[PDB]
Amino acid sequence: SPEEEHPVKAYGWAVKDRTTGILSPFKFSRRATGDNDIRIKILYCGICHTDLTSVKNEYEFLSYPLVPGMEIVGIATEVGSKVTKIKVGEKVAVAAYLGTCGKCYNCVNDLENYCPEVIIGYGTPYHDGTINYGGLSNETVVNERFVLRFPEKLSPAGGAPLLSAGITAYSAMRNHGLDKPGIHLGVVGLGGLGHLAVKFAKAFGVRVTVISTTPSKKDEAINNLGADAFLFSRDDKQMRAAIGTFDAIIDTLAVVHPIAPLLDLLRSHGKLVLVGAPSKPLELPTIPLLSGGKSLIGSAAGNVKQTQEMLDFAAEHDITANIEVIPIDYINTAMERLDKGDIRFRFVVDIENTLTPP
Amino acid sequence: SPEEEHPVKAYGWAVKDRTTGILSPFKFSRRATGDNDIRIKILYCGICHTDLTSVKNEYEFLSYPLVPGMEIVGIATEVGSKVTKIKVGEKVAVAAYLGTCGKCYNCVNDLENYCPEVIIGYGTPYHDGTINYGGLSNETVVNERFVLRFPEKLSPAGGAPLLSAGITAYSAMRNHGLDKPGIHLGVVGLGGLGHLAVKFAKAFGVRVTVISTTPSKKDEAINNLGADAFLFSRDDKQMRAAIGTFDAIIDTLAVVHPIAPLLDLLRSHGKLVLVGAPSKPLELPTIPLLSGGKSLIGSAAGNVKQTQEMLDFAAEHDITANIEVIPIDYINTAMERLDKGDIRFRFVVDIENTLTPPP
Ligand SMILES: C/C=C1/C[N@@H+]2CCc3c([nH]c4ccccc34)[C@@](COC(C)=O)(C(=O)OC)[C@H]1CC2
Ligand SMILES: C/C=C1/C[N@@H+]2CCc3c([nH]c4ccccc34)[C@@](COC(C)=O)(C(=O)OC)[C@H]1CC2
Ligand SMILES: [Zn+2]
Ligand SMILES: [Zn+2]
């Protein structure tokens, strides 16, 4: 029994029947506080496109009942005897993964988001063999290595999507030098990840073009986010005039799309950084890749030290997501709106004020 | 008309009918020596898989009659008034491309192989609008920037495949730091490009595993080429035992193949360098790419300063291709053997002694 598997009671919303994807009230339990654990009372949980893909039953390996949500901002209500960096009552946030092997090269050099055995935010077994429950719940318990200190100046709700969308965009750009004035960057897709890529790029001084198939988004892209230009990808005239003009492109789309027009936008030796995860494979245009000497680079989240640095950057430059704050019992309707793209640009669930037991 | 479009006569072998891919004797002409040109009497021409892909009619943009061959070693018989780096009588070699726009960033910075308007070795228009004829011919004339000095100590026939296979392997490794001892390198495919990547890596001190679908190649890979290990690609125990063990993999195959097993062989942040050009599309497994923070990097030939440097390295370290020297009128059978992989590891055509004028 989920309410009997562990000693401390907990509750949230869960997809009980994977074939419908409907979340409903759900009681379970969480492990006791180990020596290095932090109990977190959850304030806000962001909703990302991976949550939606999970509720659409598109990830076979996940276990159900599924409690998704992996953009958690909360309060530490309890720390184990060996926690010293975080005091009870502090505002904290959780990384988009919950553990690593602790022994490989990535873990030992604090690049642990690339551990081959990274434990994702929910739906798979933790080190103690039990399935992980995510942020659509009242409280969570996390090993202190994966708990960040949340800056006092950052809106807890507006900053919650920095914990997976923001860090993915921030890290991709920091690791590949796309954070310096003089770089011309393309951002493909203007959803949660894309709109945060535009904000971080502006704060670095990067010149940014948004590349989109939705012309109604030109106005938000230029006026709201500060993009230097808007490229309608279906307009062959604009596409040909941008050939060879980008140093890098950050591709955030969750659907299958052609890669070669994107490679033709790159100058020689430019990088196409892939951070979205389409559920179907893409075609590798070999001659454009070879002849331009171009690179396809994958990137996922960021390591926990980079995430702390990202949060402190976001607090100093007032970088938050554009959010709609929702009650938990709206989550099923939000999923539909997220599926249609009717959100500008992030849902954030107010857990503390709107979740109650089943 | 091919014989009348330029002032100097020439001859070789050509695919006249693109739908059969059969080469036959062919008379044409080549331009006069301009001020910056070098006329080259062709001694040897290497045959690569791209020649075969061209003769299989898989590249729409080529024009016919098609004279392929782009691994040319020769003797300078004539230089334009403004040539000084090359003397008549010198052994020379030609890069696998013939010109560039001359004005873009890649051009002005001696990275000209990545010029967006690079003129390839044959089958497309030159700066004067005429179709280029490749190395399966008696002489060629090339702008001096794309002519290399060929080392005296290097075998002209064993060194001919350095001009496209060798340079592609050398540059890919020099450009991405796969030339430093301590790197564990995978070489996928043990054909012309693959076997020169192994030699170049052993000469750099790099630990090299050959990844192959042909177990019969294990003895040649370990004993003749010097590979440190041989990984049979179809053996799941072996593939699973190598997961996460490679720093980089150079993928040399000319056919479609699954990409995700190769990405699993890479450690996190590892590089998969693509130098073969399969004619059908490849599938990109994003989840492994994303999960590992891994890279797919394309690379093509090398610049001409790098090609010269590759040649002097190959002379000082005795790096040559393992070749079968063939007469030109065997080229159609060689194409068949090349299609089946029945060659260890390069055909080189002896142009000077076996090519004669048609009829
Ligand atoms: C940063 C979150 C993304 C999301 N998507 C898809 C995959 C995925 C991840 N978490 C999930 C949880 C449930 C279902 C799917 C996923 C994750 C988590 O981030 C890290 C460093 O683990 C991932 O597994 O990358 C290895 C990230 C990749 C892109
Ligand atoms: C070095 C040769 C390869 C070959 N294949 C395929 C494509 C191609 C090139 N030459 C040909 C000539 C005839 C038909 C196809 C090709 C080339 C060479 O161009 C250079 C050296 O700059 C290429 O990149 O052409 C833009 C190389 C890429 C892989
Ligand atoms: Zn690890
Ligand atoms: Zn150029």
Side-chain angles (χ1 to χ4, degrees), chain A residues 97 99-102 104-119 127 145 244 267-268 285-294 303, chain B residues 15 46 48-59 61-64 66-71 94-102 104-124 127 131-135 145-146 161-172 192-193 244 251-254 267-268 274-279 291-292 298-304 306-307:
Chain A
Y97 46 91
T100 63
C101 81
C104 76
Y105 182 98
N106 303 304
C107 293
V108 150
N109 300 293
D110 304 306
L111 304 174
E112 74 296 323
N113 59 311
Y114 290 116
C115 177
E117 291 168 45
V118 61
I119 300 169
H127 294 310
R145 188 181 175 173
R267 64 136 164 110
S268 280
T286 126
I287 294 312
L289 198 79
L290 265 60
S291 69
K294 277 147 193 185
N303 65 68
Chain B
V15 180
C48 52
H49 211 277
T50 297
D51 303 317
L52 167 69
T53 295
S54 306
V55 308
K56 290 166 93 208
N57 191 28
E58 306 194 349
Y59 287 124
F61 54 93
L62 300 176
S63 317
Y64 290 75
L66 177 75
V67 177
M70 49 170 137
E71 298 183 332
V94 183
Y97 47 100
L98 297 173
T100 65
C101 77
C104 75
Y105 179 88
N106 283 137
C107 289
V108 296
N109 269 63
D110 300 345
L111 307 173
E112 74 284 331
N113 57 317
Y114 293 106
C115 170
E117 287 151 39
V118 57
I119 301 177
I120 64 184
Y122 55 80
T124 76
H127 290 312
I131 304 295
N132 289 302
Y133 296 118
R145 192 185 173 179
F146 311 89
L162 304 175
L163 272 309
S164 93
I167 181 59
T168 295
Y170 182 92
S171 288
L193 211 188
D251 180 344
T252 77
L253 300 165
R267 59 153 184 82
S268 297
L274 254 298
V275 291
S279 216
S291 266
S299 175
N303 58 70
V304 296
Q306 209 163 24
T307 301

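Each ligand, and each atom within it, is numbered from 1 in the order the structure gives. Computation of the quantities below employed the complete heavy-atom set of this structure, encompassing side-chain atoms and omitting hydrogens, waters and symmetry-equivalent molecules. Protein chains get the first letters and strands the later ones, always in sequence-line order, with residue 1 at the start of each.
- When atom types are taken as modelled, the side chain of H127(A) and the backbone of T100(A) share a donor-acceptor pair closer than 3.5 angstrom.
- Checked by atom type and distance alone, the side chain of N106(A) pairs as donor or acceptor with a backbone atom of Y114(A) at under 3.5 Å.
- Rounded to 10°, the angle formed at the Zn ion (ligand 3) by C115(A) SG and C104(A) SG is 120°.
- Counting only N and O atoms by type, the side chains of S279(B) and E58(B) include a donor and acceptor under 3.5 Å apart.
- To the nearest 10 degrees, the angle centred on the Zn ion (ligand 4) between SG in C107(B) and SG in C101(B) reads 110°.
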Close N/O pairs between ligand 2 and protein, under 3.5 Å:
residue	atom	partner	partner atom	Å
ligand 2	22 (O)	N113(B)	O	3.4

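- Side chain of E71(B) to main chain of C48(B): no donor-acceptor pair is present (N/O by atom type, distance under 3.5 Å, no hydrogens or angles).
- In this structure a side-chain-to-backbone donor-acceptor pair under 3.5 Å is present from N132(B) to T124(B).
- No donor-acceptor pair under 3.5 Å is formed between the side chain of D251(B) and the backbone N or O of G276(B).
- For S291(B), the side-chain hydrogen bond (donor to acceptor under 3.5 Å, both in side chains) test picks out no residue, with sequence neighbours left out.
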